[PDB]
Amino acid sequence: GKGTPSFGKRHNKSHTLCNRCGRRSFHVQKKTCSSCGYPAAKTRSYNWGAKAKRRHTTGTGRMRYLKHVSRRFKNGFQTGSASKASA
Amino acid sequence: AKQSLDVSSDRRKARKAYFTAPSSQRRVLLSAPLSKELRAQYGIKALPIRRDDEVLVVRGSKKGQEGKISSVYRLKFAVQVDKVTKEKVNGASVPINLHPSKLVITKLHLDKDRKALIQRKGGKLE
Amino acid sequence: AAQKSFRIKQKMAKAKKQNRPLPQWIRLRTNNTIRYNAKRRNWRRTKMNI
Amino acid sequence: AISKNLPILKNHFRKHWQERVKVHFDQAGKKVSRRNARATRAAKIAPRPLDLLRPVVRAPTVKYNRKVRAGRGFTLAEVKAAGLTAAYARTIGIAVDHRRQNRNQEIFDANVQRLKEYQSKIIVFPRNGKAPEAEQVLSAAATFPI
Amino acid sequence: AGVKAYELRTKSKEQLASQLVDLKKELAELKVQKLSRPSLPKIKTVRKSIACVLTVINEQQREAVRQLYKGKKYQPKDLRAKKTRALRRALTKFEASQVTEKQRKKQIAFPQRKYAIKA
RNA sequence: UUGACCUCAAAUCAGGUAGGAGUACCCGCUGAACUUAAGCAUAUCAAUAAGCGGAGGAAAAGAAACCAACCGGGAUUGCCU
RNA sequence: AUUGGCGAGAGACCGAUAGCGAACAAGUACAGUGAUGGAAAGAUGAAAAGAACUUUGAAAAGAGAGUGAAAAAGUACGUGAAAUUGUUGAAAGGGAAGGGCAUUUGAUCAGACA
RNA sequence: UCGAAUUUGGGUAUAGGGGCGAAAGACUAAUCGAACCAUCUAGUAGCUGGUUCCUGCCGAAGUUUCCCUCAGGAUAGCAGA
RNA sequence: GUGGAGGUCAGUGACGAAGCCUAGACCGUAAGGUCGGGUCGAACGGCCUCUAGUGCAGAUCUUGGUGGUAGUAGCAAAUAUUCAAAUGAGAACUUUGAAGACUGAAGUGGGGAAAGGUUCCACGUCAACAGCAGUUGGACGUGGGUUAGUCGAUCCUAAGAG
RNA sequence: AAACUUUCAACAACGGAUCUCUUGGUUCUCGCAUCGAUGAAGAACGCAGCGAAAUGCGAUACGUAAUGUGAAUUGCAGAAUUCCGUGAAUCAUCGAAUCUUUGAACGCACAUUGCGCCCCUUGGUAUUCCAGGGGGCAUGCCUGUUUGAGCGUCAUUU
Ligand SMILES: [Mg+2]
Ligand SMILES: [Mg+2]
Ligand SMILES: [Mg+2]
Ligand SMILES: [Mg+2]
Ligand SMILES: [Mg+2]
Ligand SMILES: [Mg+2]
Ligand SMILES: [Mg+2]
Ligand SMILES: [Mg+2]
Ligand SMILES: [Mg+2]
Ligand SMILES: [Mg+2]
Ligand SMILES: [Mg+2]
Ligand SMILES: [Mg+2]
Ligand SMILES: [Mg+2]
Ligand SMILES: [Mg+2]
Ligand SMILES: [Mg+2]
Ligand SMILES: [Mg+2]
Ligand SMILES: [Mg+2]
Ligand SMILES: [Mg+2]
Ligand SMILES: [Mg+2]
Ligand SMILES: [Mg+2]
Ligand SMILES: [Mg+2]
Ligand SMILES: [Mg+2]
Ligand SMILES: [Mg+2]
Ligand SMILES: [Mg+2]
Ligand SMILES: [Mg+2]
Ligand SMILES: [Mg+2]
Ligand SMILES: [Mg+2]
Ligand SMILES: [Mg+2]
Ligand SMILES: [Mg+2]
Ligand SMILES: [Mg+2]
Ligand SMILES: [Mg+2]
Ligand SMILES: [Mg+2]
Ligand SMILES: [Mg+2]
Ligand SMILES: [Mg+2]
Ligand SMILES: [Mg+2]
Ligand SMILES: [Mg+2]
Ligand SMILES: [Mg+2]
Ligand SMILES: [Mg+2]
Ligand SMILES: [Mg+2]
Ligand SMILES: [Mg+2]
Ligand SMILES: [Mg+2]
Ligand SMILES: [Mg+2]
Ligand SMILES: [Mg+2]
Ligand SMILES: [Mg+2]
Ligand SMILES: [Mg+2]
Ligand SMILES: [Mg+2]
Ligand SMILES: [Mg+2]
Ligand SMILES: [Mg+2]
Ligand SMILES: [Mg+2]
Ligand SMILES: [Mg+2]
Ligand SMILES: [Mg+2]
Ligand SMILES: [Mg+2]
Ligand SMILES: [Mg+2]
Ligand SMILES: [Mg+2]
Ligand SMILES: [Mg+2]
Ligand SMILES: [Mg+2]
Ligand SMILES: [Mg+2]
Ligand SMILES: [Mg+2]
Ligand SMILES: [Mg+2]
Ligand SMILES: [Mg+2]
Ligand SMILES: [Mg+2]
Ligand SMILES: [Mg+2]
Ligand SMILES: [Mg+2]
Ligand SMILES: [Mg+2]
Ligand SMILES: [Mg+2]
Ligand SMILES: [Mg+2]
Ligand SMILES: [Mg+2]
Ligand SMILES: [Mg+2]
Ligand SMILES: [Mg+2]
Ligand SMILES: [Mg+2]
Ligand SMILES: [Mg+2]
Ligand SMILES: [Mg+2]
Ligand SMILES: [Mg+2]
Ligand SMILES: [Mg+2]
Ligand SMILES: [Mg+2]
Ligand SMILES: [Mg+2]
Ligand SMILES: [Mg+2]
Ligand SMILES: [Mg+2]
Ligand SMILES: [Mg+2]
Ligand SMILES: [Mg+2]
Ligand SMILES: [Mg+2]
Ligand SMILES: [Mg+2]
Ligand SMILES: [Mg+2]
Ligand SMILES: [Mg+2]
Ligand SMILES: [Mg+2]
Ligand SMILES: [Mg+2]
Ligand SMILES: [Mg+2]
Ligand SMILES: [Mg+2]
Ligand SMILES: [Mg+2]
Ligand SMILES: [Mg+2]
Ligand SMILES: [Mg+2]
Ligand SMILES: [Mg+2]
Ligand SMILES: [Mg+2]
Ligand SMILES: [Mg+2]
Ligand SMILES: [Mg+2]
Ligand SMILES: [Mg+2]
Ligand SMILES: [Mg+2]
Ligand SMILES: [Mg+2]
Ligand SMILES: [Mg+2]
Ligand SMILES: [Mg+2]
Ligand SMILES: [Mg+2]
Ligand SMILES: [Mg+2]
Ligand SMILES: [Mg+2]
Ligand SMILES: [Mg+2]
Ligand SMILES: [Mg+2]
Ligand SMILES: [Mg+2]
Ligand SMILES: [Mg+2]
Ligand SMILES: [Mg+2]
Ligand SMILES: [Mg+2]
Ligand SMILES: [Mg+2]
Ligand SMILES: [Mg+2]
Ligand SMILES: [Mg+2]
Ligand SMILES: [Mg+2]
Ligand SMILES: [Mg+2]
Ligand SMILES: [Mg+2]
Ligand SMILES: [Mg+2]
Ligand SMILES: [Mg+2]
Ligand SMILES: [Mg+2]
Ligand SMILES: [Mg+2]
Ligand SMILES: [Mg+2]
Ligand SMILES: [Mg+2]
Ligand SMILES: [Mg+2]
Ligand SMILES: [Mg+2]
Ligand SMILES: [Mg+2]
Ligand SMILES: [Mg+2]
Ligand SMILES: [Mg+2]
Ligand SMILES: [Mg+2]
Ligand SMILES: [Mg+2]
Ligand SMILES: [Mg+2]
Ligand SMILES: [Mg+2]
Ligand SMILES: [Mg+2]
Ligand SMILES: [Mg+2]
Ligand SMILES: [Mg+2]
Ligand SMILES: [Mg+2]
Ligand SMILES: [Mg+2]
Ligand SMILES: [Mg+2]
Ligand SMILES: [Mg+2]
Ligand SMILES: [Mg+2]
Ligand SMILES: [Mg+2]
Ligand SMILES: [Mg+2]
Ligand SMILES: [Mg+2]
Ligand SMILES: [Mg+2]
Ligand SMILES: [Mg+2]
Ligand SMILES: [Mg+2]
Ligand SMILES: [Mg+2]
Ligand SMILES: [Mg+2]
Ligand SMILES: [Mg+2]
Ligand SMILES: [Mg+2]
Ligand SMILES: [Mg+2]
Ligand SMILES: [Mg+2]
Ligand SMILES: [Mg+2]
Ligand SMILES: [Mg+2]
Ligand SMILES: [Mg+2]
Ligand SMILES: [Mg+2]
Ligand SMILES: [Mg+2]
Ligand SMILES: [Mg+2]
Ligand SMILES: [Mg+2]
Ligand SMILES: [Mg+2]
Ligand SMILES: [Mg+2]
Ligand SMILES: [Mg+2]
Ligand SMILES: [Mg+2]
Ligand SMILES: [Mg+2]
Ligand SMILES: [Mg+2]
Ligand SMILES: [Mg+2]
Ligand SMILES: [Zn+2]
């Protein structure tokens, strides 16, 4: 009775969607994501899980802003606007 | 013999640069040599092909043919001469893809800019 | 399920929209390489886990 | 693991040593980089000569006191005796050591004469402007060997 | 066709505002068509034009508020330079070039002298 | 009655700063056991891994409460030894 | 100092079961309640010129044709081994088969004559 | 056995040398005389299995001594170079 | 005998390199070497040196592929089917009509909670799938469809969380 | 004698070894120092004339402004006024903008597209109710401003 018959009563989620990482690792009664630690300010991570670290670090994502810090620095953070020449 | 410290003879680095080259870079890669006449006519050896130029295929099966460049197919690294085409079984016609290095330029399509270019390289013009 | 949250009904909507065959015109593009849709899902084969 | 007539070895490789191996692959690198670093300092430094004037000094201990050896700086006594101040001798490429003390006359006259010859064999451009280009001798150590 | 930026930049603040409503009625109508026509690429250009007017209506009201702020302490944060959160913090040249009264007298009195060796 | 002082409060008070990320390298805290000893507890692995706090383009160290015992040397760091 | 980051030059390095797990819509697809786990998968041709048309077929297809330097390259696509399979040809077989030395017979072949 | 120490949904608490146990070392997600996940970790192994071309010449030992030694080592002996 | 490296033979090659096939030939005791033919399509070898991720039959070896088994075990619980017409290339299995039966309201009927997430509905449609079939489908393709002051949530408090 | 079994070969299967490839990996070296409340990194949902994904972007959505180039883009359609030109482009560059829902994540919550407060404004006969538009209200701490508390405590009133 521990096997197939009992599996029929599996129909209640222990985890739902984690606001901070959309992962279905948000424990309902515990109110905390087993993947990223929401709502704990610091994002959950360990040095024993280097894959899961890779699986999430900067650059696995849009980098909406960081994308451009390199180019901007390359030009000495230009305020202004380019002028004109000819041709 | 390379000598700068900012050229790379790396064969992998090159092929990547060519195939992944942006449109603006392929324009200059797709350069055709001017014809013997045109060369002494302009003091200039070759030029980035452009659309309404007039060209003679000096290589390949369509050796001898000539015509106007219909489209520069920068995506395909290939230029299409409207006059040099395949007919099919179902009669339908289809452009052949031609490469500017196997063409020769016979009558340029001159702009304000096309001239200033010829002069930027050190040419004279008619 | 049968009386859901908007978050869930929303996820299902985006789901539905991914359940379509390849737009055949893509098969024609230069250097095109995608043959079929390899992320096609079916409700009775792979459950989406919310 | 004891056998044969072999000398007992002491090969300390029982920590995670493979983690801390330093191969000086950049040996040629860092020499090229060190040469360029000096060629820039040379040019930044106007006709000034890359190093400062170092004193004579008798090396410590019963093993090295036979030899004489460049010390750090010139002591307040030698500087004065050679007729200039500490504060100024520094701007003239002379190294001064507030810590070294003078107990041996021989060394003392030696360094004070070393300062005479240094002063006599340099030229100090005016504060004004002119800047009468006079081309750098590069060391000073080489110029005034010990 | 399509709207041009330097041509908008001459129109009045309220000409431009009406241009937008012209392109919006325009757009809204094309969309009624697009569902009868198998394809309607026209819609792309009319929707890029809205974007272009809006950029201008915004570009103008901004360099308005810059200048009527230009040259004083305190101006909206989003007209202050971006740079780097830490570049923002760095000491300004002034509070950095600072030297103590005592040490100023030193740099003046004994400064690094330009000298050379030979004779 | 009126005005100070000390200490402590409140504001959607004027202006600012902190969090989080990353962490190869750097400053600390904390801290195993497998293992080796042909057993094993001291020891070893290791002042290592895992855990925690904090920085930079480097960090830290640094102008001697130093080394010496010499005819004395002369901030720190790093290499060869 | 630096198995991170930005930008560069390289190698007596690996060559798609190798090299990073990933040369590809790879930290994907898929598994797990979760922490986590985590693949496979590159190559027609110079060029689609990706086979008009005829015929048999319900269709898929077959058969002609046609393209091409080549379909002994047909989007199952370079070369296309092996195990294993069909067909054809040859041969042997009274409770395995295969092997050694030797010769008959059958098949097959080198060299040497001059 | 079947009207109660009854059955059962949802919510909720208890977490691994810990929980929970009308007590069987039972149950704690097909895992329980200590759950699952990753890491230390390529843990150690006097034990088991495997260890990839040809030819040529030479060619053994199961005995001595000491060993927490008796399925192992050191030592001598035999063997090659 | 293999991969890569220095030198050399101004070595072989699109008039066909490498590879693969071949009870065809030759050299070596052997590891192996050479040639013919066929397939093939872009590279490759000899000699002196250098170098190692350098040789497989085994490891209940790793990954992939393939057999004998074998057209075999099997496709037998849930009482059951039958006649005709229509459609269709094709009908034991689709649709319609007729008959025989079943569940027997503690349902094989009529709705919901959880869970799924479009399976619902229509049109088209059979390559795969539904361990016979298929013209049917919860399959494939293409579209349509979920309307609230009063039904729920939202509000309240419970153990508990914080 | 067939069949069948077996062996060899040719042709055809199966399978993907081999050979040759390589916009990838791996290692070495050189140069450089730039995330974030001015909202980062990450997440979610969206955005094209015809897109599921990858890439890119944010209701200005495979992009807007600017600058350089000087005529494409291309699977199909397409616009055509854009070709001696403030001008093509799925171009390069990028100094200006837009930047949904979130996230340290900040009015409160959040298995909820749940529920407050203030200010300006518009409509509804309205300072008070409803609705639309805009702009706001987290915490610790520093300097200062203002308003206060306490026989902690100094003086000053008659
Ligand atoms: Mg069971
Ligand atoms: Mg159990
Ligand atoms: Mg629970
Ligand atoms: Mg908690
Ligand atoms: Mg939080
Ligand atoms: Mg965080
Ligand atoms: Mg992160
Ligand atoms: Mg971001
Ligand atoms: Mg800038
Ligand atoms: Mg120009
Ligand atoms: Mg140059
Ligand atoms: Mg150029
Ligand atoms: Mg040029
Ligand atoms: Mg193109
Ligand atoms: Mg070409
Ligand atoms: Mg419901
Ligand atoms: Mg999952
Ligand atoms: Mg779920
Ligand atoms: Mg011995
Ligand atoms: Mg050591
Ligand atoms: Mg050890
Ligand atoms: Mg290094
Ligand atoms: Mg260096
Ligand atoms: Mg020096
Ligand atoms: Mg002395
Ligand atoms: Mg000494
Ligand atoms: Mg001057
Ligand atoms: Mg900033
Ligand atoms: Mg500021
Ligand atoms: Mg304030
Ligand atoms: Mg921090
Ligand atoms: Mg740390
Ligand atoms: Mg410790
Ligand atoms: Mg170990
Ligand atoms: Mg030990
Ligand atoms: Mg031990
Ligand atoms: Mg042991
Ligand atoms: Mg033990
Ligand atoms: Mg030790
Ligand atoms: Mg210790
Ligand atoms: Mg260590
Ligand atoms: Mg650590
Ligand atoms: Mg610094
Ligand atoms: Mg920094
Ligand atoms: Mg430095
Ligand atoms: Mg001192
Ligand atoms: Mg010292
Ligand atoms: Mg590096
Ligand atoms: Mg180099
Ligand atoms: Mg590189
Ligand atoms: Mg691989
Ligand atoms: Mg393999
Ligand atoms: Mg290998
Ligand atoms: Mg792999
Ligand atoms: Mg590739
Ligand atoms: Mg991939
Ligand atoms: Mg994962
Ligand atoms: Mg995944
Ligand atoms: Mg797959
Ligand atoms: Mg190929
Ligand atoms: Mg292939
Ligand atoms: Mg090809
Ligand atoms: Mg190809
Ligand atoms: Mg015909
Ligand atoms: Mg015919
Ligand atoms: Mg045919
Ligand atoms: Mg040929
Ligand atoms: Mg061929
Ligand atoms: Mg054919
Ligand atoms: Mg072929
Ligand atoms: Mg075909
Ligand atoms: Mg083939
Ligand atoms: Mg028998
Ligand atoms: Mg025989
Ligand atoms: Mg003869
Ligand atoms: Mg206990
Ligand atoms: Mg324990
Ligand atoms: Mg405990
Ligand atoms: Mg289990
Ligand atoms: Mg335990
Ligand atoms: Mg479990
Ligand atoms: Mg091992
Ligand atoms: Mg033993
Ligand atoms: Mg053992
Ligand atoms: Mg031998
Ligand atoms: Mg013998
Ligand atoms: Mg003993
Ligand atoms: Mg014993
Ligand atoms: Mg044994
Ligand atoms: Mg002995
Ligand atoms: Mg012997
Ligand atoms: Mg070799
Ligand atoms: Mg081959
Ligand atoms: Mg053959
Ligand atoms: Mg043969
Ligand atoms: Mg022969
Ligand atoms: Mg032979
Ligand atoms: Mg021979
Ligand atoms: Mg041959
Ligand atoms: Mg041949
Ligand atoms: Mg060949
Ligand atoms: Mg080829
Ligand atoms: Mg050679
Ligand atoms: Mg050799
Ligand atoms: Mg090996
Ligand atoms: Mg073997
Ligand atoms: Mg072998
Ligand atoms: Mg092998
Ligand atoms: Mg094998
Ligand atoms: Mg075997
Ligand atoms: Mg063997
Ligand atoms: Mg095997
Ligand atoms: Mg079988
Ligand atoms: Mg059968
Ligand atoms: Mg049977
Ligand atoms: Mg049975
Ligand atoms: Mg039955
Ligand atoms: Mg009955
Ligand atoms: Mg009929
Ligand atoms: Mg039936
Ligand atoms: Mg009947
Ligand atoms: Mg009936
Ligand atoms: Mg009945
Ligand atoms: Mg009833
Ligand atoms: Mg009954
Ligand atoms: Mg019922
Ligand atoms: Mg219902
Ligand atoms: Mg469902
Ligand atoms: Mg319905
Ligand atoms: Mg139907
Ligand atoms: Mg079928
Ligand atoms: Mg099915
Ligand atoms: Mg079936
Ligand atoms: Mg069938
Ligand atoms: Mg459907
Ligand atoms: Mg649908
Ligand atoms: Mg109600
Ligand atoms: Mg409400
Ligand atoms: Mg609390
Ligand atoms: Mg007969
Ligand atoms: Mg054979
Ligand atoms: Mg294959
Ligand atoms: Mg290969
Ligand atoms: Mg190739
Ligand atoms: Mg490389
Ligand atoms: Mg370099
Ligand atoms: Mg889309
Ligand atoms: Mg795109
Ligand atoms: Mg952009
Ligand atoms: Mg387009
Ligand atoms: Mg125009
Ligand atoms: Mg312009
Ligand atoms: Mg432009
Ligand atoms: Mg671009
Ligand atoms: Mg906006
Ligand atoms: Mg943006
Ligand atoms: Mg909050
Ligand atoms: Mg909200
Ligand atoms: Mg609420
Ligand atoms: Mg009003
Ligand atoms: Mg009113
Ligand atoms: Mg608002
Ligand atoms: Mg205050
Ligand atoms: Mg006050
Ligand atoms: Zn999370």
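As stated in the entry header, the method of structure determination is X-ray crystallography and the reported resolution is 3.2500 Å.

The name that the PDB entry assigns to chain E is 60S ribosomal protein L35-A, with the source organism given as Saccharomyces cerevisiae. The deposited PDB record carries the title "Crystal structure of the S.cerevisiae 80S ribosome in complex with the A-site bound aminoacyl-tRNA analog ACCPmn". As its UniProt record puts it under Subcellular location, chain E is described as follows: "Cytoplasm". Per UniProt, chain E carries the Sequence similarities text "Belongs to the universal ribosomal protein uL29 family."

The PDB entry lists chain C under the name 60S ribosomal protein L39, from Saccharomyces cerevisiae. Heading Subcellular location of the UniProt record for chain C holds this comment: "Cytoplasm". Under the heading Sequence similarities, UniProt records this for chain C: "Belongs to the eukaryotic ribosomal protein eL39 family."

**Q** Give me the lowdown on the arrangement of the chains, citing residues and values where you can.
**A** There are five pairs of chains in contact here, and the one with the most contacts is chains D and E. Spatially, chain C is disjoint from chain D: no contact exists, and the shortest C-alpha separation is 43 Å. At their nearest point, the C-alpha atoms of chain C and chain E are still 15 Å apart, with no contact between the two.

**Q** How would you sum up the protein's contact with RNA strand H? Please name residues and give values.
**A** As a structural note, the neighbourhood of RNA strand H is formed by 13 residues, with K2, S14, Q29 and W48 of chain A together with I2 of chain D the closest of them. In RNA strand H, the atoms that sit within 4 Å of the protein are 73% sugar and phosphate, with bases accounting for the remainder. In this structure, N12 of chain A approaches RNA strand H through a side-chain N or O atom, which is 3.3 Å from a phosphate oxygen. Between RNA strand H and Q29 of chain A, the relevant distance is 2.7 Å, taken from a phosphate oxygen to a side-chain nitrogen or oxygen of the residue. Taken together, the residues that form the surface near RNA strand H break down as three nonpolar, eight polar and two charged.

**Q** Describe the sheet that holds strand 1 (residues 15–16) of chain A, naming the residues involved and giving the relevant values.
**A** Residue and element names in this part refer to chain A. With respect to topology, three strands assemble into an open sheet ordered 1-2-3, the strand pairing being antiparallel. The open sheet terminates on both sides in strands that have one partner only, identified here as strand 1 and strand 3 (32–33). Relative to strand 2 (residues 26–27), strand 1 runs antiparallel, the two being bridged by two bridges. Counterpart to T16 in the pairing with strand 2 is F26.

**Q** Before we move on, can you summarise the interface of chain E and chain D with the specific residues and values?
**A** Where interface size is quoted, it is often the accessible area lost as the parts come together. On the side of chain D, 27 residues touch chain E, which itself brings 12 residues to the contact. A combined buried area of about 1,800 Å² lies between chain E and chain D, and 61% of that area is made up of carbon and sulfur atoms. It is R113, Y115 and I117 of chain E in chain E that bury the most area against chain D; as a group they hold 46% of the surface buried on that side. The interface formed by chain E and chain D holds zero salt bridges in total. Across the chain E-chain D interface, the total number found is 10 residue pairs in polar contact. Listing elements by their share of the side of chain E that touches chain D, those giving two or more residues are helix 5 (101–109) and strand 1 (115–117) of chain E. Here the side of chain E that touches chain D gets three residues from one element, more than from any other, and that element is strand 1 of chain E.

What counts, and where the lines are drawn
The numbering scheme counts residues from 1 along every chain following its written sequence, independent of the entry's numbering, with residues that lack coordinates not shown. Here the convention is simple: chains get letters from A, ligands get numbers from 1, in the order in which they are written. Remember that the shown chains come from a larger assembly, so read each value as a statement about the shown part. Side-chain metrics in this entry use all non-hydrogen atoms of the structure; hydrogen atoms and water are not considered. UniProt positions are given in the numbering used here, feature names are shortened, and annotations may be inferred rather than shown by experiment. In what follows, a contact means two residues having at least one pair of non-hydrogen atoms within 4.5 Å. Neighbouring residues are identified by heavy atoms, a residue being near a molecule or strand if any of them is within 4 Å of it. Whenever two N or O atoms come within 3.5 Å, that pair is a polar contact, provided that in protein one can donate a hydrogen and the other can accept it, and provided that, for residues adjacent in sequence, both atoms are side-chain atoms. Polar here means any residue outside two lists: the nonpolar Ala, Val, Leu, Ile, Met, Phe, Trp, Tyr, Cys and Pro, and the charged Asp, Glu, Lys and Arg; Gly therefore counts as polar. If DSSP finds at least two bridges between two strands, the strands pair. Think of it this way: any DSSP run of H or I at least four residues long counts as a helix, any run of E at least two long counts as a strand, and we number them from the N terminus. We define buried area as the total accessible area lost by two parts upon association, computed with a 1.4 Å probe and summed across both. For salt bridges, the criterion is a side-chain nitrogen of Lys or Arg within 4 Å of an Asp or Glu carboxyl oxygen.

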